[PDB]
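S.K.: Quick one, what's the 3D model for this:
(4 chains, ligands or ions: 4)
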Amino acid sequence: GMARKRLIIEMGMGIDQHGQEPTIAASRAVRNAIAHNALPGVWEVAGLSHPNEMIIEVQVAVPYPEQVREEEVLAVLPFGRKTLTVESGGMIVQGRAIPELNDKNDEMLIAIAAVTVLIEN
Amino acid sequence: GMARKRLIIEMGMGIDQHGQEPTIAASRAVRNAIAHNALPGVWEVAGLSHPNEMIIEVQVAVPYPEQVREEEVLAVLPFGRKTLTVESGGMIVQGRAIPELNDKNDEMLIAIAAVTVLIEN
Amino acid sequence: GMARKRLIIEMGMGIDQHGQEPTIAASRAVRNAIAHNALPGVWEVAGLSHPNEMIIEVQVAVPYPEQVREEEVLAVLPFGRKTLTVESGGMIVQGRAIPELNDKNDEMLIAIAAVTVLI
Amino acid sequence: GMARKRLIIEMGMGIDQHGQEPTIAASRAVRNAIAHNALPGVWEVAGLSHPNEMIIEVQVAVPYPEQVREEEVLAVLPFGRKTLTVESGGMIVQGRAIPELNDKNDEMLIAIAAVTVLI
Ligand SMILES: [Cl-]
Ligand SMILES: [Cl-]
Ligand SMILES: [Cl-]
Ligand SMILES: [Cl-]
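M.R.: Numbers count the residues shown, from 1 in each chain, chains lettered A, B, ... in the order given. Ligands and ions are numbered 1, 2, ... in the order given. For reference, the structure is listed below:
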């Protein structure tokens, strides 16, 4: 692809409390990363005709990264030219499954997402 | 002042759990608003020579807004040409003071901050 | 009202970026309040037979509280004997509506939620 | 190890934007984990005479865990009989160092903290 410049990086954490769903942790992390920010004008100032033209790169770190369903994670972003990378990281919290809380196994999975908005150089 | 265009809006919540310090709630809200984002390039793309040239407007809503110490709140921002508005809003959580937790009165004060980065037109 | 002991209070913020949907801001605030905590043993130390027996009181401050669909907000909580009280508060962020971002009007609505577990 | 009952688990994220300071990311993560919750009655239902008697276990995942100043991280917690375990994890965000923002190197370090109250 064409070289690009980083504009803003939005970071967030997401948690799968029941276990076995790193995709859920990852999706929630992307949502958390962007939910508290709004981008009314940066895209204009950068020279785009619409926010859907912005380049958005997502970097996720989570346990069992190979189990993350990419399409579901990227669909959290409302617009843009989107890419995702998934790598091992985040954290596992070990603890005996609580049936009353609908736990699937003895792990809570925590993902981190960095959502970067870039402009082509 | 010169008219300006909104680029990004970063929102956060801050809480004074002991009571009597809306300034603390407000300061924590501004910190929360910006802590999870980084701005490596937007300022460049917008035409500034340094991030300290960016216009940063802070809007805070909190109980007892008249008690907020402006200078302390604005010092949370690491750079920029800064302004603050404080208005009544946020929320008060009522509850009997717990001496063991060092409560000052029967209220927890919750502030909201919107930190907007703008560029002059 | 009744005097009950407060155990834990979880606080969160939620935002309706497009305007006219205080319910969305409120629902997101309750989610933000509870999403990053787990209560594996609170129900047991409280002497309850199941988490669904927990007494949970929710306080929300948001612009246009009268427009909040309350049961929708309470549905965010997976368990408990729940009640919600809505009041005017939180914050309105005003600014020109951005049609390209699907804004409904010139306001962003911010809600605060406090979720309290009582005994 | 010992088998103790978990009551509540509070989770948070913290970030060192300038690089080379995993301690800062870790401290901020513990703060983020607890800042938005209050525990007015947990110590009492646990049968303790004061919140300072609460057993608190902290688990942190961050890049360069060996460099974390542990007591500094634990100092974020106002009360309790506290312990911390640090492991490699969280995330490194790589990108060109921005001298104008006082970056130390080309990394941003992100830590995760889980704060558990046990009985
Ligand atoms: Cl989450
Ligand atoms: Cl806070
Ligand atoms: Cl939100
Ligand atoms: Cl942080």
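S.K.: helices or strands up against the longest helix along chain A?
M.R.: For chain A, the helix that runs over the most residues, judged by DSSP state H, is helix A:22-34. Applying 3 or more C-beta pairs under 8 Å, 6 or more residues apart in numbering or on different chains; DSSP states H and E, we find helix A:22-34 packed against strand A:4-16, strand A:55-62, helix A:70-74, strand A:107-120. To be clear about C-beta, it is placed using only N, CA and C from the backbone, and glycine gets the same treatment.
S.K.: What's the separation between the most centrally placed residue in chain A and chain B?
M.R.: In chain A, the centroid-proximal residue (C-alpha atoms, centre = their mean) is residue A:30; its distance is 2.8 Å. Computed as C-beta to the nearest C-beta, to the nearest Å, the residue A:30 to chain B distance reads 13 Å.
S.K.: With residue A:10 instead?
M.R.: For residue A:10, the distance to chain B - C-beta to the nearest C-beta - is 5 Å.
S.K.: who's that residue bridged to?
M.R.: Beta-bridge partners of residue A:10, counted by DSSP bridges, are residue A:115, residue B:37.
S.K.: contacting residues for the closest residue to ligand 2 within chain A?
M.R.: At 13.7 Å from ligand 2, residue A:36 is the closest residue in chain A, using C-beta to the ion. The contact partners of residue A:36, taken as C-beta atoms under 8 Å, 6 or more residues apart in numbering or on different chains, are B:10, B:11, B:12, B:33, B:36, C:13, C:15.
S.K.: how many neighbours does the closest residue to residue A:6 other than its chain neighbours have?
M.R.: Closest residue in space to residue A:6, ignoring its immediate chain neighbours: residue B:40 at 4.7 Å, by C-beta to C-beta, 6 or more residues apart in numbering or on different chains. Counted with other C-beta atoms under 10 Å in any protein chain shown, the neighbours of residue B:40 add up to 23.
S.K.: on that earlier part again, now the residue of chain A closest to ligand 2. Its backbone dihedrals?
M.R.: phi -100, psi 10 (degrees, to the nearest 10).
S.K.: Looks like residue A:47 contacts residue A:120 (just checking).
M.R.: No. Counting by C-beta atoms under 8 Å, residue A:47 sits too far from residue A:120 to count as a contact (9.5 Å).
S.K.: Contacts for the longest helix of chain A, please.
M.R.: Residues beyond helix A:22-34 that count as contacts (C-beta under 8 Å, 6+ apart) turn out to be A:10-16, A:58, A:60, A:62-65, A:67-69, A:72-73, A:76-77, A:86, A:90, A:109-115, B:36, C:35.
S.K.: What subset of the residues you listed is buried?
M.R.: Among those, those buried by neighbour count (16 or more other C-beta atoms under 10 Å in any protein chain shown) are A:10-16, A:58, A:60, A:62-65, A:68, A:73, A:76-77, A:86, A:90, A:109-115, B:36, C:35.
S.K.: How is residue A:86 classified with respect to secondary structure?
M.R.: Counting by DSSP: H, G, I helix; E, B strand; the rest coil, the backbone at residue A:86 sits in strand.
S.K.: close to ligand 1, is the longest helix of chain A?
M.R.: Yes. Shown here: helix A:22-34 in contact with ligand 1 (C-beta under 5 Å from the ion) through residue A:28.
S.K.: residues contacting the residue of chain A at minimum distance from ligand 3?
M.R.: Proximity to ligand 3, evaluated over chain A using C-beta to the ion, is greatest for residue A:35 at 4.0 Å. Contacts for residue A:35 (C-beta under 8 Å, 6+ apart) come out as A:12, C:15, C:28.
S.K.: Go again with 10 Å.
M.R.: A:10, A:12, A:76, B:11, C:13, C:14, C:15, C:17, C:28, C:31, C:32 (C-beta atoms under 10 Å, 6 or more residues apart in numbering or on different chains).
S.K.: Need phi/psi at it.
M.R.: phi -60, psi -30.
S.K.: Please apply the same query to the one 4 residues further on.
M.R.: The phi and psi torsions at residue A:39 (degrees, to the nearest 10) take the values phi -120, psi 60.
S.K.: Check whether it really touches residue A:52, as I assumed.
M.R.: No. Between residue A:39 and residue A:52 there is no contact, the gap being 11.8 Å when judged by C-beta atoms under 10 Å.
S.K.: hey, what's in contact with both of the two?
M.R.: Both residue A:39 and residue A:52 are in contact with residue A:79, where contact means C-beta under 10 Å, 6+ apart.
S.K.: quick one, what contacts residue A:9?
M.R.: With C-beta under 10 Å, 6+ apart, residue A:9 has these contacts: A:33, A:57, A:59, A:114-118, B:36-41, D:15, D:17, D:93, D:95, D:108.
S.K.: can you check residue A:121 too?
M.R.: Counted by C-beta under 10 Å, 6+ apart, residue A:121 has contacts A:2, A:3, A:4, A:5.
S.K.: any residue of stretch A:109-116 up close to ligand 1?
M.R.: No. Using C-beta under 5 Å from the ion, stretch A:109-116 never reaches ligand 1; the gap is at least 8.4 Å.
S.K.: Quick one: name the residues of chain A near ligand 1.
M.R.: Along chain A, the residues adjacent to ligand 1 under the rule C-beta under 5 Å from the ion are A:14, A:15, A:28.
S.K.: Ligand 3 contacts on chain A?
M.R.: So chain A meets ligand 3 at residue A:35 (C-beta under 5 Å from the ion).
S.K.: Chain A against ligand 2: which residues are in contact?
M.R.: Counting by C-beta under 5 Å from the ion, no residue of chain A is near ligand 2.
S.K.: For chain A, which residues are neighbours of chain D?
M.R.: A:5-6, A:9, A:11-15, A:17, A:29, A:32, A:59-63, A:87-96, A:98, A:108, A:110-114, A:116 (C-beta under 10 Å from any C-beta of the partner chain).
S.K.: and with 6 Å instead?
M.R.: A:6, A:13, A:61, A:89, A:91, A:93, A:110, A:112, A:114 (C-beta under 6 Å from any C-beta of the partner chain).
S.K.: Between which two of those is the distance greatest?
M.R.: For the residues of chain A next to chain D, the farthest-apart pair by C-beta to C-beta is A:6 and A:93; their separation is 31.5 Å.
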